[PDB]
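Only one chain is given next, in structure tokens, and it is the form deposited in one PDB entry.
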């Protein structure tokens, strides 16, 4: 009922994940920006990292690499790195042209895209769903809002519930 702003975004992501009855691993908010293209004159919507909330629940070379990257990130900013943690981390550098990829298709068409089960992810033909599935996710969800797209992921197979959709409706802006 009250139009939310960026200053409560982290709180609303936390509220979504901590209050949900199902075991969601994380939530991401993909925010809108625009990329003006000089060659066509088009102002295209681009979805990029807004914020996220990771709740949670690999070979040596991979672990050393991941731990190394965390160390380097710790440095700039100021033991095991799990697959879902890594997926969440890597997500921060992703962006999506409107209509393209899981968040882009959701936003273009103002859609709820609910992919539940490994086969739904790998059969979606959607690169981000495929990536989630490789990192152990079994449910991925994108819900378009007035300001972008809310994404949920889980390592469990989760069916769409009324209660989850009610919470999302109360925690983001809709037209």
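Numbering follows the first chain given and starts at 1. We call the rigid core the largest set of C-alpha positions that still match within 1.5 Å between the two forms. Shifts are known only where both forms have a C-alpha.
We do not show the form deposited in another entry, though everything after this point is about it.
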query	finding
C-alpha of residue 134 moved at least 2 Å between the shown form and the other one on rigid core	no
Core superposition between the shown form and the other one, C-alpha change of residue 68 at least 2 Å	yes
Cα separation of residue 71 and residue 90 in that other deposited form versus here, shift of 3 Å or more	closer
In that other deposited form, shift in Cα separation for residue 69 relative to residue 48, 3 Å or more	farther
Shifted regions of at least three residues between the shown form and the other one, judged by C-alpha displacement of 2 Å or more after core alignment	61-78
